[PDB]
>>> print(open('start.pdb').read())   # PDB, N, CA, C and O atoms and all ligand atoms
ATOM      1  N   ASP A   2     -25.814  -5.167  59.731  1.00  0.00           N
ATOM      2  CA  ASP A   2     -27.144  -5.703  60.141  1.00  0.00           C
ATOM      3  C   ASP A   2     -28.269  -4.793  59.647  1.00  0.00           C
ATOM      4  O   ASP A   2     -28.058  -3.602  59.410  1.00  0.00           O
ATOM      5  N   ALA A   3     -29.460  -5.363  59.492  1.00  0.00           N
ATOM      6  CA  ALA A   3     -30.613  -4.605  59.031  1.00  0.00           C
ATOM      7  C   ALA A   3     -31.093  -3.712  60.160  1.00  0.00           C
ATOM      8  O   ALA A   3     -31.324  -4.179  61.275  1.00  0.00           O
ATOM      9  N   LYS A   4     -31.238  -2.425  59.873  1.00  0.00           N
ATOM     10  CA  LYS A   4     -31.700  -1.487  60.883  1.00  0.00           C
ATOM     11  C   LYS A   4     -32.677  -0.477  60.307  1.00  0.00           C
ATOM     12  O   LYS A   4     -32.827  -0.361  59.088  1.00  0.00           O
ATOM     13  N   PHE A   5     -33.342   0.245  61.200  1.00  0.00           N
ATOM     14  CA  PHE A   5     -34.327   1.237  60.806  1.00  0.00           C
ATOM     15  C   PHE A   5     -33.765   2.657  60.767  1.00  0.00           C
ATOM     16  O   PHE A   5     -33.494   3.266  61.803  1.00  0.00           O
ATOM     17  N   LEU A   6     -33.589   3.166  59.552  1.00  0.00           N
ATOM     18  CA  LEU A   6     -33.091   4.516  59.326  1.00  0.00           C
ATOM     19  C   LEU A   6     -34.019   5.196  58.317  1.00  0.00           C
ATOM     20  O   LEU A   6     -34.219   4.692  57.208  1.00  0.00           O
ATOM     21  N   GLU A   7     -34.602   6.327  58.703  1.00  0.00           N
ATOM     22  CA  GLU A   7     -35.480   7.050  57.788  1.00  0.00           C
ATOM     23  C   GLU A   7     -35.278   8.558  57.876  1.00  0.00           C
ATOM     24  O   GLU A   7     -35.205   9.122  58.965  1.00  0.00           O
ATOM     25  N   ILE A   8     -35.163   9.205  56.719  1.00  0.00           N
ATOM     26  CA  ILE A   8     -34.981  10.652  56.683  1.00  0.00           C
ATOM     27  C   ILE A   8     -36.281  11.306  57.158  1.00  0.00           C
ATOM     28  O   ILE A   8     -37.370  10.872  56.803  1.00  0.00           O
ATOM     29  N   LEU A   9     -36.164  12.345  57.975  1.00  0.00           N
ATOM     30  CA  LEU A   9     -37.344  13.007  58.506  1.00  0.00           C
ATOM     31  C   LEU A   9     -37.762  14.236  57.725  1.00  0.00           C
ATOM     32  O   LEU A   9     -37.478  15.354  58.135  1.00  0.00           O
ATOM     33  N   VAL A  10     -38.410  14.005  56.585  1.00  0.00           N
ATOM     34  CA  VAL A  10     -38.929  15.071  55.746  1.00  0.00           C
ATOM     35  C   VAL A  10     -40.359  14.677  55.409  1.00  0.00           C
ATOM     36  O   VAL A  10     -40.715  13.495  55.466  1.00  0.00           O
ATOM     37  N   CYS A  11     -41.183  15.662  55.084  1.00  0.00           N
ATOM     38  CA  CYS A  11     -42.568  15.387  54.750  1.00  0.00           C
ATOM     39  C   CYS A  11     -42.619  14.475  53.530  1.00  0.00           C
ATOM     40  O   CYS A  11     -41.974  14.746  52.524  1.00  0.00           O
ATOM     41  N   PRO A  12     -43.389  13.381  53.603  1.00  0.00           N
ATOM     42  CA  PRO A  12     -43.486  12.455  52.471  1.00  0.00           C
ATOM     43  C   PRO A  12     -44.034  13.089  51.189  1.00  0.00           C
ATOM     44  O   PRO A  12     -43.959  12.490  50.118  1.00  0.00           O
ATOM     45  N   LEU A  13     -44.574  14.300  51.297  1.00  0.00           N
ATOM     46  CA  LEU A  13     -45.125  14.992  50.136  1.00  0.00           C
ATOM     47  C   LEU A  13     -44.209  16.044  49.515  1.00  0.00           C
ATOM     48  O   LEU A  13     -43.727  15.873  48.394  1.00  0.00           O
ATOM     49  N   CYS A  14     -43.977  17.134  50.240  1.00  0.00           N
ATOM     50  CA  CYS A  14     -43.147  18.230  49.749  1.00  0.00           C
ATOM     51  C   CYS A  14     -41.657  18.057  50.027  1.00  0.00           C
ATOM     52  O   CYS A  14     -40.842  18.846  49.548  1.00  0.00           O
ATOM     53  N   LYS A  15     -41.307  17.034  50.801  1.00  0.00           N
ATOM     54  CA  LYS A  15     -39.914  16.777  51.165  1.00  0.00           C
ATOM     55  C   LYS A  15     -39.318  17.886  52.029  1.00  0.00           C
ATOM     56  O   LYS A  15     -38.098  18.034  52.108  1.00  0.00           O
ATOM     57  N   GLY A  16     -40.180  18.659  52.682  1.00  0.00           N
ATOM     58  CA  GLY A  16     -39.704  19.731  53.544  1.00  0.00           C
ATOM     59  C   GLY A  16     -39.486  19.246  54.967  1.00  0.00           C
ATOM     60  O   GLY A  16     -39.902  18.138  55.308  1.00  0.00           O
ATOM     61  N   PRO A  17     -38.837  20.051  55.825  1.00  0.00           N
ATOM     62  CA  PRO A  17     -38.580  19.673  57.219  1.00  0.00           C
ATOM     63  C   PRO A  17     -39.859  19.599  58.052  1.00  0.00           C
ATOM     64  O   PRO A  17     -40.872  20.206  57.712  1.00  0.00           O
ATOM     65  N   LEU A  18     -39.799  18.851  59.146  1.00  0.00           N
ATOM     66  CA  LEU A  18     -40.946  18.682  60.028  1.00  0.00           C
ATOM     67  C   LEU A  18     -40.702  19.319  61.384  1.00  0.00           C
ATOM     68  O   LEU A  18     -39.563  19.392  61.856  1.00  0.00           O
ATOM     69  N   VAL A  19     -41.778  19.785  62.008  1.00  0.00           N
ATOM     70  CA  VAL A  19     -41.688  20.401  63.327  1.00  0.00           C
ATOM     71  C   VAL A  19     -42.148  19.380  64.365  1.00  0.00           C
ATOM     72  O   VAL A  19     -43.242  18.825  64.253  1.00  0.00           O
ATOM     73  N   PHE A  20     -41.313  19.130  65.369  1.00  0.00           N
ATOM     74  CA  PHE A  20     -41.655  18.156  66.395  1.00  0.00           C
ATOM     75  C   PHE A  20     -42.563  18.772  67.440  1.00  0.00           C
ATOM     76  O   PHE A  20     -42.237  19.804  68.023  1.00  0.00           O
ATOM     77  N   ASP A  21     -43.713  18.139  67.649  1.00  0.00           N
ATOM     78  CA  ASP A  21     -44.676  18.591  68.647  1.00  0.00           C
ATOM     79  C   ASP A  21     -44.601  17.612  69.811  1.00  0.00           C
ATOM     80  O   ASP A  21     -45.089  16.487  69.720  1.00  0.00           O
ATOM     81  N   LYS A  22     -43.981  18.048  70.901  1.00  0.00           N
ATOM     82  CA  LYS A  22     -43.814  17.218  72.089  1.00  0.00           C
ATOM     83  C   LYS A  22     -45.137  16.780  72.725  1.00  0.00           C
ATOM     84  O   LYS A  22     -45.301  15.614  73.092  1.00  0.00           O
ATOM     85  N   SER A  23     -46.075  17.712  72.846  1.00  0.00           N
ATOM     86  CA  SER A  23     -47.368  17.430  73.466  1.00  0.00           C
ATOM     87  C   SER A  23     -48.239  16.402  72.742  1.00  0.00           C
ATOM     88  O   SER A  23     -48.949  15.632  73.384  1.00  0.00           O
ATOM     89  N   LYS A  24     -48.202  16.388  71.415  1.00  0.00           N
ATOM     90  CA  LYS A  24     -49.006  15.429  70.658  1.00  0.00           C
ATOM     91  C   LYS A  24     -48.153  14.327  70.048  1.00  0.00           C
ATOM     92  O   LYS A  24     -48.669  13.455  69.348  1.00  0.00           O
ATOM     93  N   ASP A  25     -46.856  14.364  70.344  1.00  0.00           N
ATOM     94  CA  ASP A  25     -45.885  13.416  69.805  1.00  0.00           C
ATOM     95  C   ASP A  25     -46.163  13.194  68.319  1.00  0.00           C
ATOM     96  O   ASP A  25     -46.486  12.095  67.875  1.00  0.00           O
ATOM     97  N   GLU A  26     -46.051  14.277  67.561  1.00  0.00           N
ATOM     98  CA  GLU A  26     -46.278  14.249  66.121  1.00  0.00           C
ATOM     99  C   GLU A  26     -45.219  15.082  65.417  1.00  0.00           C
ATOM    100  O   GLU A  26     -44.552  15.908  66.040  1.00  0.00           O
ATOM    101  N   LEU A  27     -45.063  14.845  64.122  1.00  0.00           N
ATOM    102  CA  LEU A  27     -44.121  15.607  63.304  1.00  0.00           C
ATOM    103  C   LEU A  27     -45.008  16.343  62.308  1.00  0.00           C
ATOM    104  O   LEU A  27     -45.711  15.721  61.512  1.00  0.00           O
ATOM    105  N   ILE A  28     -44.972  17.669  62.372  1.00  0.00           N
ATOM    106  CA  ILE A  28     -45.813  18.521  61.547  1.00  0.00           C
ATOM    107  C   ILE A  28     -45.162  19.134  60.314  1.00  0.00           C
ATOM    108  O   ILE A  28     -44.026  19.602  60.358  1.00  0.00           O
ATOM    109  N   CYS A  29     -45.890  19.120  59.203  1.00  0.00           N
ATOM    110  CA  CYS A  29     -45.388  19.767  58.003  1.00  0.00           C
ATOM    111  C   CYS A  29     -46.193  21.052  57.908  1.00  0.00           C
ATOM    112  O   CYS A  29     -47.388  21.024  57.624  1.00  0.00           O
ATOM    113  N   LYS A  30     -45.528  22.172  58.159  1.00  0.00           N
ATOM    114  CA  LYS A  30     -46.173  23.474  58.125  1.00  0.00           C
ATOM    115  C   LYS A  30     -46.782  23.771  56.756  1.00  0.00           C
ATOM    116  O   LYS A  30     -47.968  24.084  56.653  1.00  0.00           O
ATOM    117  N   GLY A  31     -45.969  23.654  55.712  1.00  0.00           N
ATOM    118  CA  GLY A  31     -46.425  23.929  54.359  1.00  0.00           C
ATOM    119  C   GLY A  31     -47.616  23.136  53.848  1.00  0.00           C
ATOM    120  O   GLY A  31     -48.354  23.613  52.982  1.00  0.00           O
ATOM    121  N   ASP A  32     -47.814  21.930  54.371  1.00  0.00           N
ATOM    122  CA  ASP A  32     -48.931  21.095  53.941  1.00  0.00           C
ATOM    123  C   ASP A  32     -50.025  20.990  54.997  1.00  0.00           C
ATOM    124  O   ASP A  32     -51.081  20.414  54.747  1.00  0.00           O
ATOM    125  N   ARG A  33     -49.765  21.548  56.175  1.00  0.00           N
ATOM    126  CA  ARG A  33     -50.728  21.520  57.265  1.00  0.00           C
ATOM    127  C   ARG A  33     -51.154  20.090  57.570  1.00  0.00           C
ATOM    128  O   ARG A  33     -52.345  19.779  57.649  1.00  0.00           O
ATOM    129  N   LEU A  34     -50.160  19.227  57.740  1.00  0.00           N
ATOM    130  CA  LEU A  34     -50.384  17.824  58.042  1.00  0.00           C
ATOM    131  C   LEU A  34     -49.538  17.426  59.249  1.00  0.00           C
ATOM    132  O   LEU A  34     -48.432  17.945  59.440  1.00  0.00           O
ATOM    133  N   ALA A  35     -50.062  16.510  60.057  1.00  0.00           N
ATOM    134  CA  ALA A  35     -49.345  16.019  61.230  1.00  0.00           C
ATOM    135  C   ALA A  35     -49.167  14.513  61.090  1.00  0.00           C
ATOM    136  O   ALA A  35     -50.143  13.777  60.934  1.00  0.00           O
ATOM    137  N   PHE A  36     -47.922  14.057  61.130  1.00  0.00           N
ATOM    138  CA  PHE A  36     -47.640  12.635  61.026  1.00  0.00           C
ATOM    139  C   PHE A  36     -47.450  12.091  62.428  1.00  0.00           C
ATOM    140  O   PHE A  36     -46.852  12.736  63.278  1.00  0.00           O
ATOM    141  N   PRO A  37     -47.970  10.888  62.687  1.00  0.00           N
ATOM    142  CA  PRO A  37     -47.833  10.311  64.020  1.00  0.00           C
ATOM    143  C   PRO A  37     -46.510   9.617  64.285  1.00  0.00           C
ATOM    144  O   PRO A  37     -45.817   9.182  63.366  1.00  0.00           O
ATOM    145  N   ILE A  38     -46.177   9.525  65.562  1.00  0.00           N
ATOM    146  CA  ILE A  38     -44.983   8.842  66.016  1.00  0.00           C
ATOM    147  C   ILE A  38     -45.567   7.702  66.843  1.00  0.00           C
ATOM    148  O   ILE A  38     -46.199   7.934  67.874  1.00  0.00           O
ATOM    149  N   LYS A  39     -45.398   6.476  66.364  1.00  0.00           N
ATOM    150  CA  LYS A  39     -45.932   5.310  67.057  1.00  0.00           C
ATOM    151  C   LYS A  39     -44.800   4.457  67.610  1.00  0.00           C
ATOM    152  O   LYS A  39     -43.874   4.106  66.886  1.00  0.00           O
ATOM    153  N   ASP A  40     -44.872   4.133  68.895  1.00  0.00           N
ATOM    154  CA  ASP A  40     -43.826   3.335  69.526  1.00  0.00           C
ATOM    155  C   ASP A  40     -42.480   4.017  69.291  1.00  0.00           C
ATOM    156  O   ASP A  40     -41.475   3.357  69.053  1.00  0.00           O
ATOM    157  N   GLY A  41     -42.474   5.344  69.347  1.00  0.00           N
ATOM    158  CA  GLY A  41     -41.247   6.091  69.134  1.00  0.00           C
ATOM    159  C   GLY A  41     -40.774   6.116  67.690  1.00  0.00           C
ATOM    160  O   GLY A  41     -39.647   6.532  67.412  1.00  0.00           O
ATOM    161  N   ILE A  42     -41.631   5.693  66.762  1.00  0.00           N
ATOM    162  CA  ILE A  42     -41.264   5.669  65.352  1.00  0.00           C
ATOM    163  C   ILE A  42     -42.106   6.591  64.472  1.00  0.00           C
ATOM    164  O   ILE A  42     -43.306   6.389  64.308  1.00  0.00           O
ATOM    165  N   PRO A  43     -41.473   7.617  63.883  1.00  0.00           N
ATOM    166  CA  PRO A  43     -42.222   8.536  63.021  1.00  0.00           C
ATOM    167  C   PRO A  43     -42.778   7.783  61.813  1.00  0.00           C
ATOM    168  O   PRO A  43     -42.029   7.144  61.067  1.00  0.00           O
ATOM    169  N   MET A  44     -44.093   7.854  61.630  1.00  0.00           N
ATOM    170  CA  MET A  44     -44.743   7.171  60.520  1.00  0.00           C
ATOM    171  C   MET A  44     -44.796   8.075  59.290  1.00  0.00           C
ATOM    172  O   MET A  44     -45.810   8.712  59.013  1.00  0.00           O
ATOM    173  N   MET A  45     -43.694   8.109  58.549  1.00  0.00           N
ATOM    174  CA  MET A  45     -43.580   8.941  57.360  1.00  0.00           C
ATOM    175  C   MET A  45     -44.342   8.387  56.155  1.00  0.00           C
ATOM    176  O   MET A  45     -43.740   8.000  55.153  1.00  0.00           O
ATOM    177  N   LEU A  46     -45.667   8.358  56.263  1.00  0.00           N
ATOM    178  CA  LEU A  46     -46.536   7.865  55.203  1.00  0.00           C
ATOM    179  C   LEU A  46     -47.722   8.804  55.039  1.00  0.00           C
ATOM    180  O   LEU A  46     -48.361   9.168  56.012  1.00  0.00           O
ATOM    181  N   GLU A  47     -48.016   9.186  53.801  1.00  0.00           N
ATOM    182  CA  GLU A  47     -49.129  10.085  53.531  1.00  0.00           C
ATOM    183  C   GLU A  47     -50.433   9.563  54.144  1.00  0.00           C
ATOM    184  O   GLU A  47     -51.204  10.322  54.729  1.00  0.00           O
ATOM    185  N   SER A  48     -50.660   8.260  54.029  1.00  0.00           N
ATOM    186  CA  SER A  48     -51.862   7.630  54.571  1.00  0.00           C
ATOM    187  C   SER A  48     -52.038   7.822  56.083  1.00  0.00           C
ATOM    188  O   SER A  48     -53.159   7.800  56.591  1.00  0.00           O
ATOM    189  N   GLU A  49     -50.925   8.000  56.794  1.00  0.00           N
ATOM    190  CA  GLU A  49     -50.941   8.169  58.246  1.00  0.00           C
ATOM    191  C   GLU A  49     -51.173   9.606  58.714  1.00  0.00           C
ATOM    192  O   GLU A  49     -51.536   9.828  59.860  1.00  0.00           O
ATOM    193  N   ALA A  50     -50.961  10.573  57.828  1.00  0.00           N
ATOM    194  CA  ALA A  50     -51.111  11.984  58.175  1.00  0.00           C
ATOM    195  C   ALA A  50     -52.541  12.455  58.404  1.00  0.00           C
ATOM    196  O   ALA A  50     -53.483  11.994  57.762  1.00  0.00           O
ATOM    197  N   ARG A  51     -52.688  13.391  59.331  1.00  0.00           N
ATOM    198  CA  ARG A  51     -53.991  13.962  59.636  1.00  0.00           C
ATOM    199  C   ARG A  51     -53.888  15.449  59.314  1.00  0.00           C
ATOM    200  O   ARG A  51     -52.840  16.056  59.525  1.00  0.00           O
ATOM    201  N   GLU A  52     -54.961  16.035  58.790  1.00  0.00           N
ATOM    202  CA  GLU A  52     -54.959  17.462  58.484  1.00  0.00           C
ATOM    203  C   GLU A  52     -55.061  18.214  59.805  1.00  0.00           C
ATOM    204  O   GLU A  52     -55.727  17.743  60.726  1.00  0.00           O
ATOM    205  N   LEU A  53     -54.409  19.374  59.892  1.00  0.00           N
ATOM    206  CA  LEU A  53     -54.431  20.185  61.107  1.00  0.00           C
ATOM    207  C   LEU A  53     -55.747  20.941  61.216  1.00  0.00           C
ATOM    208  O   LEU A  53     -56.394  21.256  60.209  1.00  0.00           O
ATOM    209  N   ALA A  54     -56.181  21.165  62.449  1.00  0.00           N
ATOM    210  CA  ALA A  54     -57.406  21.903  62.658  1.00  0.00           C
ATOM    211  C   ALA A  54     -56.916  23.370  62.597  1.00  0.00           C
ATOM    212  O   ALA A  54     -55.720  23.664  62.747  1.00  0.00           O
ATOM    213  N   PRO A  55     -57.823  24.317  62.364  1.00  0.00           N
ATOM    214  CA  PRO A  55     -57.334  25.695  62.315  1.00  0.00           C
ATOM    215  C   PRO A  55     -56.952  26.189  63.699  1.00  0.00           C
ATOM    216  O   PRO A  55     -56.207  27.158  63.813  1.00  0.00           O
ATOM    217  N   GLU A  56     -57.464  25.518  64.733  1.00  0.00           N
ATOM    218  CA  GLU A  56     -57.163  25.870  66.109  1.00  0.00           C
ATOM    219  C   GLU A  56     -55.728  25.453  66.395  1.00  0.00           C
ATOM    220  O   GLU A  56     -55.136  25.869  67.394  1.00  0.00           O
ATOM    221  N   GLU A  57     -55.178  24.628  65.508  1.00  0.00           N
ATOM    222  CA  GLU A  57     -53.811  24.157  65.649  1.00  0.00           C
ATOM    223  C   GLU A  57     -52.850  24.965  64.790  1.00  0.00           C
ATOM    224  O   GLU A  57     -51.670  25.036  65.117  1.00  0.00           O
ATOM    225  N   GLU A  58     -53.327  25.537  63.685  1.00  0.00           N
ATOM    226  CA  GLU A  58     -52.460  26.337  62.831  1.00  0.00           C
ATOM    227  C   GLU A  58     -52.023  27.586  63.591  1.00  0.00           C
ATOM    228  O   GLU A  58     -50.975  28.164  63.308  1.00  0.00           O
ATOM    229  N   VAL A  59     -52.824  27.989  64.574  1.00  0.00           N
ATOM    230  CA  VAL A  59     -52.518  29.180  65.363  1.00  0.00           C
ATOM    231  C   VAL A  59     -51.156  29.169  66.060  1.00  0.00           C
ATOM    232  O   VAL A  59     -50.451  30.173  66.036  1.00  0.00           O
ATOM    233  N   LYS A  60     -50.773  28.047  66.671  1.00  0.00           N
ATOM    234  CA  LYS A  60     -49.494  27.991  67.386  1.00  0.00           C
ATOM    235  C   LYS A  60     -48.232  27.928  66.527  1.00  0.00           C
ATOM    236  O   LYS A  60     -47.130  28.161  67.024  1.00  0.00           O
ATOM    237  N   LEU A  61     -48.378  27.603  65.250  1.00  0.00           N
ATOM    238  CA  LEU A  61     -47.222  27.556  64.366  1.00  0.00           C
ATOM    239  C   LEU A  61     -47.184  28.931  63.720  1.00  0.00           C
ATOM    240  O   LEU A  61     -46.290  29.246  62.931  1.00  0.00           O
ATOM    241  N   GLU A  62     -48.180  29.737  64.097  1.00  0.00           N
ATOM    242  CA  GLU A  62     -48.374  31.113  63.634  1.00  0.00           C
ATOM    243  C   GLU A  62     -49.228  31.256  62.383  1.00  0.00           C
ATOM    244  O   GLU A  62     -48.691  31.081  61.270  1.00  0.00           O
TER     245      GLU A  62
HETATM  246 ZN    ZN B   1     -45.096  18.717  53.384  1.00  0.00          ZN
END
>>> encode(input="start.pdb", output="structure tokens")
Amino acid sequence: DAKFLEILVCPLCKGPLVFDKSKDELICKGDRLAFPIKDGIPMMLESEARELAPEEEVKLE
């Protein structure tokens, strides 16, 4: 049957993502981008990503 399966890597650099429980987002450290999770579904699309604020880069170090 047709199902939804998607690899969880940054749509740009293909690197791993960090799960942020509080903002329900998947973050790419190397690109400083946060992808949204909508209806429990990670939106792995460059168009959906938001750039991180510098106040946010602080917690990833
Ligand atoms: Zn990336």
>>> residues_near_ligand(input="start.pdb", ligand="ligand ZN 1 (chain B)", cutoff="5 Å", atoms="all atoms listed in the file", output="list in words")
residues 11, 13, 14, 15, 16, 29 and 32 of chain A
>>> resolve_selection(input="start.pdb", expression="the PyMOL selection byres (((chain A and resi 24 and name CA) around 12) and not hetatm and name CA)", output="MDAnalysis selection string")
chainID A and resid 19:23 25:28 35:39 53 57
>>> select_by_dssp(input="start.pdb", residues="chain A", states="alpha helix (DSSP H)", output="PDB file with N, CA, C and O atoms, keeping the file's coordinate frame")
ATOM      1  N   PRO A  55     -57.823  24.317  62.364  1.00  0.00           N
ATOM      2  CA  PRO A  55     -57.334  25.695  62.315  1.00  0.00           C
ATOM      3  C   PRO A  55     -56.952  26.189  63.699  1.00  0.00           C
ATOM      4  O   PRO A  55     -56.207  27.158  63.813  1.00  0.00           O
ATOM      5  N   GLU A  56     -57.464  25.518  64.733  1.00  0.00           N
ATOM      6  CA  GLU A  56     -57.163  25.870  66.109  1.00  0.00           C
ATOM      7  C   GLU A  56     -55.728  25.453  66.395  1.00  0.00           C
ATOM      8  O   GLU A  56     -55.136  25.869  67.394  1.00  0.00           O
ATOM      9  N   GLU A  57     -55.178  24.628  65.508  1.00  0.00           N
ATOM     10  CA  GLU A  57     -53.811  24.157  65.649  1.00  0.00           C
ATOM     11  C   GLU A  57     -52.850  24.965  64.790  1.00  0.00           C
ATOM     12  O   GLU A  57     -51.670  25.036  65.117  1.00  0.00           O
ATOM     13  N   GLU A  58     -53.327  25.537  63.685  1.00  0.00           N
ATOM     14  CA  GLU A  58     -52.460  26.337  62.831  1.00  0.00           C
ATOM     15  C   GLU A  58     -52.023  27.586  63.591  1.00  0.00           C
ATOM     16  O   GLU A  58     -50.975  28.164  63.308  1.00  0.00           O
TER      17      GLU A  58
END
>>> atom_distance(input="start.pdb", atom1="atom CA of residue 33 of chain A", atom2="atom CA of residue 8 of chain A")
19.1 Å
>>> axis_aligned_box(input="start.pdb", around="segment 26-38 of chain A", padding_each_side="5 Å", output="lines of an AutoDock Vina configuration file")
center_x = -48.2
center_y = 15.9
center_z = 60.4
size_x = 18.3
size_y = 26.4
size_z = 24.9
>>> closest_residue(input="start.pdb", among="A:50, A:61, A:55, A:43", to="residue 30 of chain A", atoms="only N, CA, C and O atoms")
A:61
>>> atom_distance(input="start.pdb", atom1="atom CA of residue 17 of chain A", atom2="atom CA of residue 2 of chain A")
28.0 Å
>>> closest_residue(input="start.pdb", among="A:54, A:34, A:59, A:3", to="residue 18 of chain A", atoms="only C-alpha atoms")
A:34
>>> select_by_dssp(input="start.pdb", residues="segment 7-61 of chain A", states="strand (DSSP E)", output="PyMOL selection string")
chain A and resi 19-21+26-29+34-39+42-43+51-52
>>> atom_distance(input="start.pdb", atom1="atom N of residue 60 of chain A", atom2="atom O of residue 31 of chain A")
14.6 Å
>>> decode(input="start.pdb", residues="segment 23-46 of chain A", atoms="N, CA and C atoms", output="compact mmCIF listing (two decimals), in the first residue's frame")
# COMPACT_ATOMS: atom_id res chain seq x y z
N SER A 23 10.37 21.71 22.11
CA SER A 23 9.63 22.93 22.43
C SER A 23 9.03 23.67 21.23
N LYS A 24 9.72 23.67 20.10
CA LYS A 24 9.20 24.35 18.91
C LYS A 24 8.71 23.37 17.86
N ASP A 25 8.77 22.08 18.19
CA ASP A 25 8.39 21.00 17.29
C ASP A 25 8.95 21.29 15.89
N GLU A 26 10.27 21.35 15.82
CA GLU A 26 10.97 21.61 14.57
C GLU A 26 12.19 20.71 14.46
N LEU A 27 12.69 20.56 13.25
CA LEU A 27 13.89 19.76 13.00
C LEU A 27 14.91 20.77 12.49
N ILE A 28 15.99 20.92 13.25
CA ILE A 28 17.03 21.90 12.95
C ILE A 28 18.28 21.38 12.26
N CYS A 29 18.75 22.13 11.27
CA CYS A 29 20.00 21.76 10.61
C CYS A 29 21.01 22.75 11.16
N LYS A 30 21.91 22.24 12.00
CA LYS A 30 22.94 23.07 12.62
C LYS A 30 23.82 23.75 11.58
N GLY A 31 24.38 22.96 10.67
CA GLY A 31 25.26 23.49 9.64
C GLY A 31 24.70 24.57 8.73
N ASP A 32 23.39 24.58 8.54
CA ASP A 32 22.76 25.58 7.68
C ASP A 32 21.97 26.61 8.46
N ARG A 33 21.85 26.40 9.77
CA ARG A 33 21.12 27.32 10.63
C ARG A 33 19.70 27.53 10.12
N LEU A 34 19.03 26.41 9.86
CA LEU A 34 17.66 26.43 9.37
C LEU A 34 16.81 25.50 10.23
N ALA A 35 15.54 25.86 10.41
CA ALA A 35 14.61 25.05 11.19
C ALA A 35 13.44 24.66 10.29
N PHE A 36 13.21 23.36 10.15
CA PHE A 36 12.11 22.88 9.33
C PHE A 36 10.94 22.57 10.24
N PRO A 37 9.73 22.91 9.81
CA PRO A 37 8.56 22.65 10.64
C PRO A 37 8.02 21.23 10.57
N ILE A 38 7.32 20.85 11.62
CA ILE A 38 6.67 19.56 11.71
C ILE A 38 5.20 19.95 11.79
N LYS A 39 4.44 19.62 10.75
CA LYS A 39 3.02 19.96 10.70
C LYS A 39 2.17 18.70 10.78
N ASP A 40 1.22 18.69 11.70
CA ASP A 40 0.36 17.52 11.87
C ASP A 40 1.24 16.30 12.09
N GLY A 41 2.32 16.48 12.84
CA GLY A 41 3.23 15.38 13.11
C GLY A 41 4.08 14.96 11.92
N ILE A 42 4.09 15.77 10.87
CA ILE A 42 4.86 15.45 9.67
C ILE A 42 5.99 16.44 9.37
N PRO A 43 7.24 15.98 9.44
CA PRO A 43 8.37 16.87 9.15
C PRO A 43 8.29 17.35 7.70
N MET A 44 8.27 18.67 7.51
CA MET A 44 8.19 19.24 6.18
C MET A 44 9.59 19.46 5.60
N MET A 45 10.16 18.40 5.05
CA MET A 45 11.50 18.44 4.48
C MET A 45 11.56 19.15 3.13
N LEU A 46 11.30 20.45 3.14
CA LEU A 46 11.32 21.27 1.93
C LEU A 46 12.03 22.59 2.22
